[PDB]
Structure formats: C-alpha cells, structure tokens
Amino acid sequence: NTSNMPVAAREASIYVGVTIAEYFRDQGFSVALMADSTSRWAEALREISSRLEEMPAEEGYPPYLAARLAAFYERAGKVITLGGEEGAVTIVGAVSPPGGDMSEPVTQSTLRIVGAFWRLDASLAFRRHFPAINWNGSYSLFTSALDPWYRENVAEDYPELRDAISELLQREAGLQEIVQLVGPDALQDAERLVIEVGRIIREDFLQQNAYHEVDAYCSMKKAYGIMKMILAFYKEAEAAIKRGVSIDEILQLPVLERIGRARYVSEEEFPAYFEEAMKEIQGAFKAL
Amino acid sequence: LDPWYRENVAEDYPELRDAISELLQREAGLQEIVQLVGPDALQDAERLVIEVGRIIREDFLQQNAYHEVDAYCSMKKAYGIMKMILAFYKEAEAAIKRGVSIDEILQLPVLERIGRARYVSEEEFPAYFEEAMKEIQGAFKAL
Amino acid sequence: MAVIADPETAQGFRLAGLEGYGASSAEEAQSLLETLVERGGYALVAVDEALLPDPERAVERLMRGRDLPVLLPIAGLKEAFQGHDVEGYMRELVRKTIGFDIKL
Amino acid sequence: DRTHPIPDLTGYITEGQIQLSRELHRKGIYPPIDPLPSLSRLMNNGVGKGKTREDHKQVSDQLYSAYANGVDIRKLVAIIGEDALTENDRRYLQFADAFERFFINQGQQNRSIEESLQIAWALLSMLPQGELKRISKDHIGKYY
Amino acid sequence: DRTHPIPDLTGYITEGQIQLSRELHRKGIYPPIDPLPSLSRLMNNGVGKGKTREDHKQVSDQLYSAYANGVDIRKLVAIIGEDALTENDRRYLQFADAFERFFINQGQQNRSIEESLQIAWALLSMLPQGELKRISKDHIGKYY
Amino acid sequence: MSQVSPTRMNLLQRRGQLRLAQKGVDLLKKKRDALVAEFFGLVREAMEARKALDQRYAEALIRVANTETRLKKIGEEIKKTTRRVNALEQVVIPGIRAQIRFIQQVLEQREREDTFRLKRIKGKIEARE
Ligand SMILES: Nc1ncnc2c1ncn2[C@@H]1O[C@H](COP(=O)(O)OP(=O)(O)O)[C@@H](O)[C@H]1O
C-alpha cells in the first residue's frame with residue numbers, strides 16, 4: 001500500500017488479505033494476518049469520503065468508520081471449516097496515531113475491538129530494554145483461557161508464577177511512585193529487596209534480545225525455567241532478609257550475574273541455577 | 001443587615017460575629033501548625049483559644065435540626081448564646097493572664113451548661129453570664 | 001572515648017579509670033580536640049559544655065578529616081548547673097522544630 | 001478515563017456504584033473494587049432492619065475505615081519498616097490483608113447478606129474492640 | 001487569569017496600572033495591590049521637583065525593590081525556616097510586612113503625596129542604610 | 001504534548017502528596033518520643049555532676065558520668081542530631097508536594113482547558129463551512 005496508490009486500493013487491501021487469509025484457514029492452516037497499518041487505511045478512506053462530500057466528524061473522519069473497522073476484526077477467529085477440520089486467522093494490526101496523541105483514527109477505535117495490545121514504549125527502547133513492550137500498559141484477554149495448556153504441557157505452576165511476577169512488577173510501580181516523592185533513603189530492606197528482584201524480572205525476563213541468535217526465540221520450556229529461577233531467587237531473597245541478611249550481601253550474590261545471562265543460554269543449565277541459588281544463600285546463612 | 005440587628009436585637013451583633021469569626025480564623029491557623037509540630041509545645045494562651053474555638057463550634061455553629069427546640073433559634077436567642085460564649089472567652093483569657101491553669105477552666109462547671117444552652121427555650125441562657133463570672137471568681141479565689 | 005574537663009574533674013575521671021584530659025578555656029580545649037583527632041584512636045569525645053560553647057565551629061576547625069570522633073558537649077561551670085539549662089534548651093528545641101517561639 | 005462523557009453521565013442514574021480499578025487488579029486484589037470510589041449513592045435506602053440487618057451500616061462504615069487505614073499503613077511500613085510500626089497500627093495493617101483475603105476474595109460463591117456480615121464481623125475481631133469507633137456499643141454486644 | 005485576552009489586551013491602553021490580588025486580599029492586606037505588578041507607564045511624567053518632590057522616583061524604586069525582595073524571602077522562610085534566615089534578609093522580610101501594614105493599608109484617609117513619601121521614608125528606616133542601593137546619597141542626607 | 005500527561009500528572013502530584021503528608025505526622029509522633037528521652041537525659045545530668053564538685057569519691061564521679069555521660073551520650077547527641085534529624089528532613093519534603101504542587105496545577109491549567117479552545121476550533125472550520 002504505497003502513497004501513489006488510490007485511497008480505494010489501500011482501503012480494499014485489508015479485505016483482499018483477510019479473504020486470502022480465510023482461504024488458507026479453510027484448508028486447515030493457522031494463518032497470521034499482519035496489517036501495517038489501519039491508521040493509513042482510515043486516512044485513505046477519509047480522503048475518499050471527503051471527496052464524496054460525506055459529512056466530516058471528529059478529526060474530519062466519516063461516521064461510518066467504527067462499524068467497518070469492527071466488521072474487519074470480526075472476520076478473525078479459529079473455526080471448524082466447511083467439511084470439518086480446524087483452521088484460523090490471527091490478526092495483528094499496527095496502530096499509528098497522527099503523532100503520540102493516540103486518539104483517532106487508528107488507536108482509539110482499534111483498542112476497543114482487539115483483545116490484545118502490545119505497547120512498544122519508546123522510553124523502554126531508549127533504555128535498551130528489548131523487546132520494548134511495556135509490561136504495565138499492555139494487556140491480553142486470554143490468560144485463563146490458555147493457562148491449562150501451559151499447566152498440562154509445560155508446567156503446573158505457569159499461572160501462579162506469572163501472577164506472582166506481575167504482583168512483583170505491580171508493587172515496584174507503586175514503590176517507584178512513592179520514591180519519586182520522598183526519595184529512596186527511607187526505604188526499608190524489605191522494600192529494597194522487592195526493587196532488586198523487580199529489576200531482575202525486568203532485565204532478565206521482560207527484556208529479550210531480538211538480535212541474539214539464541215534469545216531471538218524463547219521456547220515455552222525455557223520461559224518457565226527462567227521464571228522459576230527468578231521466583232526462587234525472590235523467595236530466597238525475602239527469606240534471607242527476614243533472617244537479617246544484608247540486602248547488599250544478596251545484591252552482589254555471584255549467581256545474580258548468571259541469572260542475568262540466562263536468556264543467552266540454550267541449554268537447561270538454566271534450572272541448575274536454582275540449586276546454585278539455594279547453596280549460595282546457604283553460604284550467606286553460614287556467614288550470617 | 002447589621003443595622004437591623006443592632007436596632008431590633010442587639011447593639012453588638014456585628015462586633016460579636018466578627019470576634020467569633022476571628023476566633024474560628026485563629027483556630028484554623030493553629031490547627032494547621034499543630035498538624036506539623038504537634039500540640040505539646042502549645043502555650044496556655046493558644047490552648048485557651050482552641051478551647052473556646054471548640055465551644056463556638058460545638059455550642060454555636062452546630063445546631064440540631066431534629067430537636068424540638070434547637071430546630072429553630074430565634075434572633076433573641078442567637079445573640080444571647082453568642083454573648084455567653086464571648087463572655088466566657090474574655091474571662092478565659094483574663095484568667096490565663098493571671099496564671100489560672102487552663103485545665104482548671106476546661107473543667108469549669110458552667111461549661112457543661114453552655115454546651116446544652118442550645119436546648120434551653122428560656123432566657124435562663126443569659127443568666128449563664130453571671131454564673132460564668134462568679135465561677136471564674138471561685139477560680140480567682142483558689143488562684 | 002576521651003573526656004575533656006576542668007583539671008580537677010579530669011583528674012577524677014582518670015582515677016576512675018577513664019581517659020580524662022584537663023583544660024581551662026574554649027581555645028585550649030579546641031587544641032586538645034585537634035591533638036586527639038590527629039592522634040587518632042577515639043570514637044567519641046565528651047567535653048564539658050563550658051569548654052565547648054560552639055561545637056559546630058569546633059568541628060569546622062579540626063578539619064581536614066577523614067573520619068571524626070562524635071563530639072559531645074555535656075553541662076558545666078560551677079554556677080552553670082545551679083541554673084537549669086534545661087528549660088531553655090527545651091524552648092529552643094521546640095521552636096527549632098515546629099517553628100514557633102512558644103510561650104513556656 | 002472515568003471522566004469520559006459516557007461513564008461520567010451514567011453516575012446520576014444509579015443508586016449504587018461499584019468502581020473497578022486496573023491498578024488494584026494489577027496488585028492481585030479481586031474483585032478490583034476501589035473502596036474509596038464505590039458509593040451507596042443510594043445504599044442507605046436498601047439497608048437496615050427489615051431490608052438487610054440493623055448493624056449493616058455500622059459494619060460497612062467500620063470495615064471501610066479500617067481498610068483505608070490499613071492501606072495507608074502499607075505506605076508507612078515502606079517508609080519506616082515493619083518493625084517500627086506500633087502494635088495498634090500492625091493490627092490495622094493486618095486487617096487490610098484480612099479484608100482482601102477473606103471479604104473481597106470469593107471462591108465463586110453466592111453469599112447472602114447474612115454470610116457477608118458474618119465474614120465482616122469475623123475479620124473485625126482482628127481489631128481491638130476499643131478501636132471500633134464507628135460501631136455503637138449496642139451492636140458490639142449483640143453481634144461481635 | 002491576568003493572561004485572559006481581555007485584561008491582557010487592556011494593559012497597552014494605560015499610563016498607570018494598579019493590579020489587585022486575591023492572595024494579598026486573603027492575607028488581610030487592603031488595598032490588595034500587588035506592589036510588584038502595579039506600574040506607571042507614564043509615572044515619570046507626573047513626578048519630581050515642581051510636581052511631587054525630587055526624591056519621589058528614588059523612594060518608589062527603593063520601596064518596590066525592598067518589597068519584592070521581602071516577598072521572595074517569605075518563600076525562603078518557608079524553605080529553610082525563620083531562624084535560618086540571615087540578619088540582613090530578616091530585615092527585608094520584616095520590611096514586606098511593614099509595607100503591607102503601613103503603606104498599602106489605609107484606614108480610609110486622603111493622603112497627600114507628602115504624607116505618602118513620609119510613610120515611605122519611615123518604613124525604609126527598617127532597612128540598613130548601606131542597603132539602599134536605589135537612593136542616591138544626596139536624598140538619604142536630605143530626607144532619611 | 002497533550003492528553004495522556006493529563007492524568008499521570010497530577011496523580012504524581014495528588015497520590016504522591018497524600019504520602020509526603022503522612023511522613024509529616026509520622027515525624028511529630030517521633031517529636032513527642034524524642035523530646036521525652038530529651039529532658040530526662042537532661043535529669044541525672046544536672047545530677048550527681050556536681051556530685052563531682054564537692055568531690056573513690058573518684059567515681060561519685062565516673063560512676064556519675066559513666067551514668068550521667070552514657071545516658072546523655074545516647075540520649076543527649078545520638079537522640080537528636082538524629083531526632084531533630086527525622087522531623088527537619090521529611091518536612092522540606094512536604095515543601096516537594098507543596099509549592100511543586102502549584103507546579104502540577106499551572107501545567108494541568110495550561111491545557112484540558114487549552115486542548116478544548118481547540119477540539120472545538122477545527123469543529124468550527126467545517127463545523128462553520
Ligand atoms: N526599561 C524599563 N525600565 C523601567 N520600567 C520599565 C522599563 N520597560 C518597561 N517598564 C515599565 O513597564 C511599563 C510598560 O512598558 P512598555 O514597553 O510600554 O510595554 P510593552 O511591552 O507592552 O510595550 C512602562 O511604562 C514602565 O512602567
């Protein structure tokens with residue numbers, strides 16, 4: 001969908017694609033429909049509408065857009081094709097507001113339809129945290145829908161682990177807001193530990209390197225194993241603090257640097273870090 | 001409206017309400033500071049102002065719409081209650097200036113009567129002024 | 001810890017086993033602080049307040065440092081106790097805090 | 001955005017509002033009800049003797065007050081440390097967890113108002129009886 | 001809002017502006033004139049020898065400067081505390097109160113320019129003579 | 001910018017000063033804790049010190065200030081450059097939330113009202129056409 005092409009063609013492009021997508025799912029294939037983007041499709045449509053003298057509304061967009069855009073996304077889904085067999089069309093649509101405003105067209109109407117939103121965050125990117133997906137502003141509507149697949153095929157504690165990590169990240173967010181006011185000097189050891197582990201979650205888990213030959217893809221089996229290394233370090237961290245272990249002693253714990261490079265390991269040598277973590281804390285229970 | 005009150009109810013209506021409002025104004029400022037440095041450093045003079053400020057709020061500002069009597073407070077009753085409160089104030093500040101413990105004034109017997117004055121439907125209320133003065137004298141006696 | 005006091009008292013702290021050093025003026029005493037500070041081993045120096053009427057300026061002068069002895073003025077002379085330098089230390093400490101020269 | 005014209009104009013049409021908050025949901029508190037933005041804009045018209053039970057308003061007031069204090073104390077714990085909290089404040093801190101664990105959380109389950117008041121009184125026992133400022137003595141003797 | 005287009009466009013049409021402030025009125029200072037936002041666009045054309053008095057511009061300049069410094073010091077007092085203010089700053093702090101109590105406040109009363117300059121010199125005495133940067137020595141000797 | 005600045009702005013502001021307030025009451029509690037270990041220190045001090053004056057009897061002396069000196073040691077200066085600490089601190093801190101609060105509301109002033117002279121101008125172009 002180039003600029004020299006009529007607004008008409010770009011408008012029809014998502015419909016031509018979705019139809020081709022539905023065609024392949026009919027065979028019993030799972031197809032992905034990636035739409036660069038609908039902001040530009042709504043601008044091409046607004047050009048056609050204004051030329052037809054249809055009444056402009058908000059940002060001069062025609063009234064008809066919301067029902068249409070919704071109708072598009074409704075054609076997505078996993079079905080039982082004609083003559084049995086299952087196939088599906090998953091849609092990933094790009095959102096490009098006129099400029100950060102994140103209102104109309106694109107964003108506003110889209111975020112109301114779609115069930116999932118992965119918010120690339122320019123500040124997360126500048127900070128070199130990849131993928132640059134904001135774990136606080138992104139959302140999905142399927143956690144409970146897919147938890148049993150993970151529990152049965154990958155790990156029995158998938159849901160409990162992600163809920164626990166999210167509560168960690170949630171707590172960090174609240175703590176950082178307060179610190180923004182009263183500074184970090186008054187922070188108790190318990191709160192410093194939560195920030196320490198919260199930071200490890202962000203750097204060792206949330207951040208992924210798309211450019212690394214290994215971390216470019218993280219198999220399900222590897223995802224849970226890294227999660228349990230982090231969550232196990234958390235429990236041990238809170239347990240050590242409760243026994244008056246200096247947080248400074250935990251912060252420079254040797255295993256931490258290994259946990260930081262775990263995303264780069266392509267072998268289960270990663271779950272070995274759990275035992276390496278426990279003994280190391282014991283060496284910290286020894287020195288007291 | 002001050003002249004209507006001065007001519008028909010009481011010559012000191014405006015001066016009395018200005019004085020009560022200055023009391024309430026001072027209380028507001030004091031409470032802001034206490035919110036910071038606590039109430040332990042408070043001088044007797046400042047504790048007296050809070051004591052009388054509180055009596056104004058509880059005995060005057062607050063009115064019971066559900067009580068058969070206090071549901072309506074006639075003009076004549078409003079000024080008489082004001083003068084009992086303002087007279088207790090002057091006497092309070094006068095007693096403190098003569099080293100009377102504020103704790104002694106805070107538990108002064110007339111205070112409980114001043115607190116139920118809004119419930120009295122008879123001028124027995126202005127009698128509280130003389131009852132206040134003699135009681136302070138009994139506090140000037142004991143020193 | 002060292003103690004800096006008038007010579008008679010300083011002598012008495014010594015007989016009790018403590019490390020008392022004798023001085024008779026604000027300046028003499030600051031000198032004593034500086035020798036102790038340079039000499040190095042003390043974590044705390046308790047000084048008769050008559051001999052340390054300005055302990056912030058006192059720190060100020062000792063320097064350069066390097067990790068300092070806590071410096072603790074403790075009350076004197078003889079007639080300075082037979083006041084109560086408590087009532088007014090308290091007037092200052094509450095004003096100090098809340099801001100309010102309260103009528104005590 | 002609760003100030004968007006749609007949700008904002010809807011408030012006037014209600015007798016009770018239950019406001020859910022993403023922040024609360026992200027802390028794992030479900031149901032994710034904002035206890036300081038949910039109102040019986042008309043609650044008092046549907047409670048008490050002959051409707052629910054005579055102690056309903058008092059219990060609701062006390063739970064709301066104790067939960068709000070408990071939530072603020074979570075901030076104070078972060079400021080000073082858990083061990084520096086007073087014994088009385090520790091009880092309010094703990095009450096906030098009890099309110100969330102037992103009253104807010106339901107294992108999907110149809111609680112009668114009698115069941116809900118019972119849980120409310122059970123958690124209230126965690127607080128000193130001398131600290132139940134919003135429950136008249138008549139209700140403490142009859143229901144505590 | 002003094003930046004609203006109406007009041008903002010009116011400023012150019014004036015030779016003297018007297019700006020009143022709610023904040024000042026709430027401190028009980030009347031008339032509630034902002035001494036650092038009231039100007040004489042044409043003031044210099046109506047003052048001096050043969051009009052008011054030769055020291056009028058110098059006195060006006062010094063009072064304006066001292067009042068502006070005194071008002072900023074009210075902010076500094078809030079930041080550091082009253083006791084941490086220098087002796088010199090304390091004088092400017094006090095001058096701002098004196099300016100408000102005695103110069104701004106009039107008990108309704110028709111002050112001649114001679115009366116107004118006299119009050120001005122009386123309050124100026126609160127400041128160190130060495131701190132009167134905007135009054136030439138000729139005027140200090142003759143009028144102080 | 002525009003919208004979004006809108007609400008995180010002032011809850012940095014509002015939620016973030018609700019808890020600066022709350023460190024304020026915290027420290028006047030410390031106020032009352034600190035000042036009461038303040039005078040008593042004071043007490044024995046004044047105390048057998050001059051028990052030292054009229055002065056074996058060597059300890060009516062260091063016995064004296066082993067008690068005397070220790071007590072007011074902890075209390076006397078540990079007890080407050082750290083007391084006068086606690087509270088001298090957290091208040092230039094409700095200074096943060098304070099004038100800096102003026103900050104968020106000239107900020108917020110500036111545009112849910114400015115952003116509006118505007119949703120409405122553009123209406124106005126072919127709203128008027
Ligand atoms: N250089 C200056 N020195 C002293 N006062 C000045 C000066 N410039 C402006 N002012 C004050 O501001 C008033 C308005 O200034 P002016 O230049 O006319 O405003 P504008 O920016 O609207 O053109 C002047 O009459 C005077 O009182």
# chains A, B, ... in the order shown; residues from 1 in each chain; ligands from 1
call {"tool": "residues_near_ligand", "arguments": {"ligand": "ligand 1", "cutoff": "10 Å", "atoms": "only C-alpha atoms and all ligand atoms", "output": "ChimeraX atom specification"}}
result
/E:8-17,37-44,61
call {"tool": "residues_around", "arguments": {"residues": "region 81-88 of chain B", "least_positions_apart": "4", "cutoff": "9 Å", "atoms": "only C-alpha atoms", "output": "list in words"}}
result
residues 13, 16, 17, 19, 20, 52, 55, 56, 59, 60, 76, 77, 92, 93, 111, 114, 117, 118, 125, 126, 127, 128, 129, 132 and 133 of chain B
call {"tool": "atom_distance", "arguments": {"atom1": "CA of residue 75 (chain C)", "atom2": "CA of residue 51 (chain C)"}}
result
9.4 Å
call {"tool": "calpha_fit_rmsd", "arguments": {"fixed": "chain E", "moving": "chain D"}}
result
1.0 Å
call {"tool": "select_by_dssp", "arguments": {"residues": "chain E", "states": "strand (DSSP E or B)", "output": "list in words"}}
result
residues 16, 17, 20, 33, 39 and 40 of chain E
call {"tool": "interface_residues", "arguments": {"of": "chain D", "to": "chain F", "cutoff": "8 Å", "atoms": "only C-alpha atoms", "output": "CSV table (one decimal) with N, CA and C atoms, in the first residue's frame"}}
result
chain,number,residue,atom,x,y,z
D,75,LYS,N,1.9,2.0,53.2
D,75,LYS,CA,2.8,3.1,52.8
D,75,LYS,C,3.8,3.4,54.0
D,76,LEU,N,3.2,3.4,55.2
D,76,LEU,CA,4.0,3.7,56.4
D,76,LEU,C,5.1,2.6,56.7
D,79,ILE,N,7.9,3.2,54.5
D,79,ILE,CA,8.7,4.4,54.9
D,79,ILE,C,9.6,4.1,56.1
call {"tool": "atom_distance", "arguments": {"atom1": "CA of residue 85 (chain C)", "atom2": "CA of residue 70 (chain C)"}}
result
21.9 Å
